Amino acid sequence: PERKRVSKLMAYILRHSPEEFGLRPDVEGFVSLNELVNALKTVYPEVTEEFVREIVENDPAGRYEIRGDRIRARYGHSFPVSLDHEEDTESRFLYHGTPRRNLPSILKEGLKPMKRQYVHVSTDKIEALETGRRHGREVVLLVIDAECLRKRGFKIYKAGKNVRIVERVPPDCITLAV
């Protein structure tokens, strides 16, 4: 209950609107941990640094990263950020879940970042489908040839446990839609 509310607000601050709370993330997307706790307290005042450190440690998707006294979101940003994730050179197939209503536009334009900086995909079929279900009920599973992306210059990076980021996904690299 309360853990999900604080995590949703953390993602809003660290991915989209930090300046709304007086925060200035560095080029790599990090903000001061102390600054984040004080920002969160203006909405939920009974939050501590230990409560936030428990969220980061127990995050099932690996959303957040703490380097000492700093904290950032690892992906999902809507403002420019210089990330240092490792490249995914092993995956052959990647997956992306999206409402079926988006398929005609995707089959002509490919996957675009839209309001975010990068296109997000997954190595896990269940995670991709759950991600698509956020936007609507009827969801299709897209299968993406990873080597198709690499041969066209689009490197894939390991942003989370199963989450992967890439600049875009041309339609020719989408092999299947189920």
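All residue numbers are counted from 1 along the displayed sequence.
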Inset, instruction - Could you check the entry and say whether 65-73 or 116-124 has the higher mean CA B-factor? - result: 65-73
Inset, instruction - Return whichever of 40-48 and 128-136 has the greater mean Cα B factor according to the PDB record. - result: 40-48
Inset, instruction - Among the candidates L111, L141, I144, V56, give the one with the maximum CA B-factor reported in the record. - result: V56
Legend entry - CA B-factor placement of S82, once the chain's modelled residues are sorted into thirds: highest
Legend entry - Among modelled residues of the same chain, the CA temperature factor third for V6: highest
